[PDB]
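In the block that follows, a single chain appears as structure tokens, in the form deposited in one PDB entry.
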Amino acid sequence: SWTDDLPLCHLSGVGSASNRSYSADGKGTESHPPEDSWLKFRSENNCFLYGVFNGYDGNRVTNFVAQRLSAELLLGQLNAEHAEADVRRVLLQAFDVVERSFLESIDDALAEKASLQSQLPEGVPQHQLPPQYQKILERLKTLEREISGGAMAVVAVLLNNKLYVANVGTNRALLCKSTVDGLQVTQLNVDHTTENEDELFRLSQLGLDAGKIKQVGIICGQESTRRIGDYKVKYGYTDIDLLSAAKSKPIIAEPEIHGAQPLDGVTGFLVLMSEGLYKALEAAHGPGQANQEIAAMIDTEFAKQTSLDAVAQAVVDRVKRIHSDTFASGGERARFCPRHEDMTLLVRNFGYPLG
């Protein structure tokens, strides 16, 4: 938590809300601990770092990634006078170090887990286990919490008024430019899913059947084809149907880095958002319009709110209302909105007027 001493960026805002499942009858929701996270830091120079992270299976990986990525980038590694090629290399190394050091951090616990499993009669219902093996089982559950979890991440670095985006997974970055002819919205990164052809290709080159992968859509509760952490899929993919044939890790942690974006004389804002936010909007309004809608909602709030945090939080709140109303209306799409995931929205302003 040395990051709590880091200068926060005054040109950005974050809005968020936790996952929720609606109760069948009546009003009342249930939530599991939130697993999203973010960061908005300004370094020495006119150097800025922003990120939105989406975890699953706990939030230990989400926090490990946020903390370590900060350590690998805001402690000197990023320099104003660096060439684009340098910045690409620095981001690439930061993610590689974050992934390798995370896996090294759980190694011992993985070994202890294996040893405890060897002492435990396999396949026996918890209640039928005598007291002796009960204690071991509990220790196994404690180790499981300590080593499990995964995370997707989209990061954006603003260096000498040039913008870079590093992305692993399905979070999104949008650059919204106010042109003479409306608000121009462009998604800077690309979603790493079984619908991303280049990823179906990468998975094809490893020996997996792209057709079956594409059909199924999800690889272990997650549709993201790139993730950080997640030992289940990084080590035991050999034993996972769709992945069985893989010659090397199907799910990787390498980021896709997107070309420098000049921002000189650009007026608008940058949006980083988690999968939970846009997926919820699409569950309620239908396939493919989340980007335009979210950017339009943010546009509207820019004129009414008095801080970027309020701008971001208002949009997150509107999406939550749209979503619960749809489920409550019992209407046509109610079947798609019984619950929603964590939502995070970060907005970094580039001269757009507020209030």
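Definition used throughout: the rigid core is the maximal C-alpha set that superposes within 1.5 Å between two forms. The numbering used is simple: start at 1 and walk along the sequence shown.
Peer 1: Out of 139-147 and 271-279, which one has CA B-factors that are higher on average in the deposited record?
Peer 2: So the stretch with the higher mean C-alpha B-factor is 139-147.
Peer 1: Between 258-266 and 89-97, which has the higher average C-alpha B-factor in the PDB entry?
Peer 2: On average, C-alpha B-factors are higher across 258-266.
Peer 1: Can you tell me which of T193, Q119, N189, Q128 has the maximum CA B-factor listed in the PDB entry?
Peer 2: Highest C-alpha B-factor among the listed residues goes to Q128.
Peer 1: Between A80, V168, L174, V165, which one tops the list for C-alpha B-factor in the PDB entry?
Peer 2: Reading the PDB entry, the winner on C-alpha B-factor is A80.
Peer 1: For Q67, return the chain-relative third of its C-alpha B-factor as stated in the PDB record: lowest, middle or highest.
Peer 2: For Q67, whose C-alpha B-factor we compare with every modelled residue in the chain, the answer is the middle third.
Peer 1: Where does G331 sit by CA temperature factor within its chain: lowest, middle or highest third?
Peer 2: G331: CA B-factor falls in the highest third of its chain.
Peer 1: Classify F102 as lowest, middle or highest third according to the C-alpha B-factor given in the PDB entry, relative to its own chain.
Peer 2: CA B-factor rank for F102: lowest third.
Peer 1: Please place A153 in the lowest, middle or highest third of its chain according to the CA B-factor in the PDB entry.
Peer 2: Within its chain, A153 is a lowest-third residue by C-alpha B-factor, going by the deposited values.
Peer 1: Using the B-factor values recorded in the entry, state whether the Cα atom of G76 falls in the lowest, middle or highest third among the modelled residues of its chain.
Peer 2: According to the entry, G76 has a C-alpha B-factor in the chain's middle third.
The form deposited in another entry exists for this protein as well; it is not shown, and the discussion that follows is about that form.
Peer 1: Which listed residue (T186, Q205, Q93, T142) has a Cα shift of at least 2 Å between the shown form and the other one, rigid core superposed?
Peer 2: It is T142.
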